Each structure stands twice: as structure tokens, then as C-alpha cells.
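Following this are structure 1 and structure 2, which are two forms of one protein chain, each written alone as C-alpha cells.
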Structure 1
């Protein structure tokens, strides 16, 4: 029998579809349950509440569990970016069947053999500031309505801000990331800081950007070391 807390046991069962504690160790990730009552949990629930897009109206989201995560070796990998400016807490969704690999190997760039279809700025690691934009990538359904989503600290630095698809060969000198500019953005006046990381949990407003292909922002880094995975949420999708 497992010596892990029940919510972690349930997470492992979800990810692996060996004993629980053996499957836990395969993730090479410290997983802690975040207390419901805590400042962190309050902030995260607000981020989920406030950044569900109006056009993503097929479902609403309920947070079941919040986990704080620390991948083995992450501290030393992220160190060269830990002091870069413009570090933001951003969403990344993925199918549940991908999470064993994501936690054990981290988020990775798609290999050459994968289609570039779906990647408007070329292969990289993609994030949203609107929970629903990322939650769509969980590919949940009425029959399978529980999904997993990440919050990563992403070291964005100087952003190369684009409005139309462009598979850039290289970042311009002095740039660290790409930001796709959407028509709607979390209200920047509502940004808060959590442990030195900016959290854009404002309700969506018009960005005032015209001549753009994107409804909502997206953020791309091209070096896996610019990501520090921080939280993993188990979400209930309530389909309408």
C-alpha cells in the first residue's frame, strides 16, 4: 500500500491509467498537495476563474486538486534564467496520456518528424495566459471530463511580439521569447506577483491590438531550460 497522500495516489492512477509508489518514482518529480485554505490556492483559483475565454463556452472549469511540483534537476537547469526579467506564470495543457513523459522529461520541443501544424511560430514550447485556451489542449470530453493542466514559470525576458504566423529561423538579438498578441488580454492592471513571478489573472479585456490573427495571447520559448514547472492542476470540465 502507498504512503502517498490520497490526492497524489489518485493523480498517479490518472497519469498511469506497478504499485503506486513505484509509478510515482518514475515521474522523478516531487509532488505536494497545496492546501485549499492557502494564499497560493486562492491565487490559482482566481487565475482559473478570471481567465476563462468568452468564446470557450462548451464547458466551465472546477479545480479539484492543486499540486506543487519540482522536477528533479530543475533548480540547476533553470538557474541561468532564474534572474532574467519578465518571468510569468502561464498555462500549458496536454492530453492526460502525455503527463508521465512531461513530468519525467519536462516539456520538450516537438521533433523534426512532427507536423508544424498547430504551431503558428514554429516548434517550441507554447503557453497561454487564458486558462481555457490551454485547457482546450487537454482534449477532454463529456465521457472523459477530468483533465490535467500545468502552470509554469516561464522566463520570457524580451519578447518578440508578433501578430501573424511566422516560423522564425532564430530570435532577433536580445530577444528571449515570442509573444503572439491576441485581441483579448487579462487586464494588465490586475497582475500580481507570486514568489517573484508575475501572474496575469485579470479578467479578459480588449487588448486594443488590431490586424492580428489571434483571439488570445500565446507565449513561446525555444529553449527547454526557460521553463520551471511549478503547479499541476486536476480540473473537472463541466460540459454544456
Structure 2
């Protein structure tokens, strides 16, 4: 395998041996992801922006520490995103998931739960859910004290005109001219620190009080209902440091 070590370690992490796992070399599993993966240089400004994003948008439970930052390009996704690439309000947002899902997530992308599934466990319907604060997303890694390494995505999400809710709707259907849902949290990143890569907003202000009174959520949530509104950009490998 010519692939860089961090990339090889990641491949190992999300496929894992044992059973029908004594088999399949690194490069074959990599090609299986239908994804280009490059290591973001630790010294890059890209890396600095991302570490600031992690550091600032994070209390109690565990301590997050970045180990590796990967730039990812899933086959065909950028071309799929073109419909929404010139739609106002695009943000770089977090998506955590458990490691065992990342093989599927990288090869198939993030997907909309099938229409037949029941509506419980979908606070804002069957969509793709993001956060503007890593701590929120990082709980969905379900990482343990025993294996305290986790994977979180950063995706460019084309939110457009948001539909702003303080409570669960449980439906996947938006009013006319709304393209996404913003779950309104108590805490929000400080807008005076938000910067703009590309024309994509990176909300890396330190968490402050949002002023929103009557609400269930500690943190904002963002939900889109069309896979073409998501363009995955980075994958972070994170050390969780517990108590």
C-alpha cells in the first residue's frame, strides 16, 4: 500500500478484522469507499481553521483533541451539489456518527431514512441532521472510555431559507420556499467570530447564549431533506479524553 499511514489507519479503523475480516487488503477497501482521501497538513490554515472550530464550539463529559484531519471528495457528490451550490446560506457543519457507519457513509454518502420507518427518533423528520457545535455532534459517535477515538464529518450544507422551530415537528415536509430546518438551541456560536471560507460560513465563534426563551434544545440543529444539499468536505479523527 502506497497510501499515507494516517489514511491506512483510518481504513483499518472503519473496516476492522475478525470473521470475514481475516482478508481484504488496505487498497481494495479504500477503493471500496469511492472517495478520495488526503491528509490535511497539520500546519495548514485549513487545519488551523478546523482546530479553532473544534476548540471553540465545545462544560463537562470529555475533552476533544484532533489527531488527524482528512479532506474527502466522494465520487460524484460535488457534481450532485451543483443544483444548490449558488443557493444563499451555506455552512460548514458537524455530523457525528459511530465508526461502524463510516464505510457506508463514505461509499453511499449521508442518506434519508426510508419513508416506511416510524417517526420516533426523528425529532425533525427523516432528513440529514447537522450541528454548529462539535460537542453536540460528538455524542453521536458513542465512543467509550475503552476505545476513545471517534470520527466526525464536516459537510458543506446548503440550507437556503431555514424554517426555525423551537420544538420537534416530526415531519419531513416544509412550507413553500423553505429548504431546511433550524432547531433553535439555547447556545449558539458567537456570530461576531464567524468567518467565511469560499462563500461558506464557518461558525467557529465561542458558544454564547442565543437569547431564545422557550426551547427544548441546548444546541442548534440543522436539517435538510435532500441529499443534494450536502457536500462532505472533511473527516476528523478525534481523541476523547474522559474522566
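Here, rigid core means the biggest group of C-alpha atoms that superpose within 1.5 Å across both forms. Residue numbers count along the first chain shown, from 1.
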task: Compare C-alpha positions between the two structures after fitting on the rigid core and state which of 101, 73, 118, 80 moves by at least 2 angstroms.
output: 118
- line: Aligning on the rigid core, one finds that residue 168 shifts at its CA between the two structures, in Å, by 2.9
message: Could you state, for a rigid core superposition, the Cα shift of residue 31 between the two structures in Å?
response: 0.3
